[PDB]
């Protein structure tokens, strides 16, 4: 104690703080310790400690295989109250620890437009799951992990080594059936000790495997969580801080016109964390790359995740970039002061090159200043204060590109319009996220823009939704604008709108409709073919643009499930999963006949796990079940019976006392049919279809 070298203190501090976290879950926080230790080791030892705690429970449930342990720990973490995990949530939510976790691939910020909106409880659960997977893999390969016994200088150490031995038996329960340990003394773990040498026979370099069995690593500590001494030694030591710092340091169906449905189109978006509007941007680049917009600043109104901002910046770089999106500090996680930062732009190439100081393509380092002083009304463009502040900071006649993507005149749209009119450099470009379906609004917008813009081009993105009549306006600020003011343009636009025909010629409307019907049909056939055939490589240039922009397939971190090479093994996996995790459900159901809420949450967790199993292994499904899963998801629900049938569940799962009695089988079939079907929100549907696209693209 206290005599180990400095190189050994940091992993020991990580082990001790991980033990503290695990005891906490099974204002208090651990940022002080985690900022001065190995955060990846912290989560690895957290997984190790949680595995030690759950070893006996998983052994008495006859869990087999690494994935069985992973599913059990996932549901255990998902079933704890959110107040209990707030200790780990607070540590992860800290900006330094958050960036550390992101950079060590432990944490990926997904499904949140802003960092402050991230589900840090789910984020902590994901980190602990990653640590558990790392521990299981390292144990399987033979990397033994030290067990610490604080407050011991007995029998509890013999129990702890028994927990580790039972974990090891559980890992290889497929090859050989583990013996019973129920109702047995902590000393009689020698039976398990003996059978692990038998299991070791059935595979390479066994020396490390056997060493962790016969000679378990153990380290008893007379003091108790000891961690404070290690933390003080690390902080005081100069090298220690030096060591910590060193450790942590093609779709061409788009067309241009120069002047309540399932989100199936997201499958064609197989890249990107959170929003993926760069896909709608790709078609814009094909027309705006010819002209010059790099000079001058760029302004992005309501950009949100900043995906379009990133992909515009990589190929069209600006000197100053003024992000702007709606955000209030009220939705921050406790004890955090997160600014509105686009969680997709921060991990992209432009911000990664800004932070490390490398120059951009133009040779001028991009200066990224979000428009945020602390007022929620300031982020909301409908307020006049927002307009005045935005115009103040960017400066009138300072920028050349303005990207307005405000979703569907409303006060915010006209406010965004005269922000641009005031701030664009003469000859500057505006890209606008219009909408053709309310044609009156379209005529109004076209007239007001035409008063002071020239070369107004209407472009429908080939990657946009085929049902929303979306149009991306491509217009240039007219040189030498002699327009009196914005209000005259607006009032006069009202006149034309209420006194005469719309400025759009009927021939252009007919052309738009004629190209729109064929484009929608073609895109729908492309989506249908991609979902059905599941060809791995389709439209490589578009996704290559995303990869150059800094986008990566986010299915790796959201879908950590394995990729079975056979469909029979897939079905067998849920045959184990359902039969293992419905035991509690049946137990409480028989006990009561409060509990119904637990029943429902366990059922929902099981069905969601089955859903992600299906999505991860979507490619290897036969086309018939692929088709029926697509049909089920289209109405917005995930029926469990399509993937696997109750007779298959009974056949492909080990025989047990559960699922053995006529009443038990009857209630299993009752809970097995439509009564366990779950519903999916629209954002959930986009998540699922994007994940399917990612799986197809990567497999």
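Give me the extension gain from residue 569 to residue 440: residue separation times 0.36 nm, minus the current Cα-Cα distance, reported in nm with one decimal.
Details: separation 129, 0.36 × 129 = 46.44 nm, distance 5.64 nm.
Result: 40.8 nm gained on full extension.
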Provide the FRET efficiency to the nearest 0.05 for the residue 119-residue 495 pair, computing r from the beta carbons and using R0 = 45 Å.
0.35
Starting from the Cα of residue 364, step 7 Å along the direction of its Cβ; do the same at residue 60; then give the gap between the two resulting points in nm.
6.9 nm
If each of residue 660 and residue 535 carries a label point 7 Å out from its Cα toward its Cβ, how far apart are those two points in nm?
5.3 nm
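Calculate the FRET efficiency for residue 612 and residue 513 from the Cβ-Cβ distance with a Förster distance of 41 Å, rounded to the nearest 0.05.
Details: r = 41 Å, r/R0 = 0.99.
The formula returns an efficiency of 0.50 here.
Return the calculated 222 nm mean residue ellipticity for the chain, to the nearest 500 deg cm²/dmol, obtained by summing -39500 (n - 2.57) across DSSP H runs with n ≥ 4 and dividing by the residue count. Working shown, then result.
Working: 31 runs with 379 residues, N = 699.
Calculated from helices alone, the mean residue ellipticity at 222 nm is -17000 deg cm²/dmol.
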Describe numerically, in nm with one decimal, the distance between label points set 7 Å from Cα along Cα→Cβ at residue 625 and at residue 229.
5.7 nm
What does a probe at residue 105 reach in the stretch 540-560, counting residues whose amide N is under 19 Å from the point 7 Å along Cα→Cβ?
547-548, 550-560
Would you give the gap between the C-alpha center of the stretch 75-91 and the C-alpha center of the stretch 241-287, rounded to a whole Å?
32 Å
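Rounded to the nearest 0.05, what FRET efficiency do residue 158 and residue 590 have when you use their Cβ-Cβ distance and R0 = 51 Å?
Values: r = 36 Å, r/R0 = 0.70.
After rounding to 0.05, the efficiency reads 0.90.
By count of other Cβ within 10 Å, fewest leading, how are 101, 698 ordered? Provide the component values of the computation, followed by the final result.
Values: 101 26, 698 15.
Placing the least packed residue first, the sequence is 698, 101.
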Please arrange 536, 630 by how many other C-beta atoms lie within 10 Å of their C-beta, fewest to most.
536, 630
Gained length - residue 261 relative to residue 391, 0.36 nm times residue gap less alpha-carbon distance
43.0 nm
Taking Cα centroids, how far is the stretch 485-520 from the stretch 620-668 in Å?
53 Å
Within the stretch 130-159, what residues put their amide N at less than 16 Å from the label point 7 Å along the Cα-to-Cβ vector of residue 4?
144-153
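Sorted from fewest to most neighbouring beta carbons within 10 Å, what does the list 504, 39 look like?
Working: 504 17, 39 25.
Ascending number of Cβ neighbours within 10 Å: 504, 39.
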Cα-based Rg and Dmax for the stretch 6-247, in Å, come out at 18.4, 54
Can you tell me the alpha carbon radius of gyration of the chain divided by the globular rule-of-thumb value 2.2 N^0.38 Å?
1.11
Label-zone membership for the stretch 530-560, site residue 467, 7 angstrom Cα→C-beta point, backbone N under 19 Å
530-532
Taking only the alpha-carbon atoms of the stretch 355-441, the convex hull volume per residue, in cubic angstrom, is 136 Å³
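We place every Cβ from the backbone using ideal geometry, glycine too, and count neighbours over all the protein chains shown. No lab work stands behind these numbers, since they all come straight from the coordinates.
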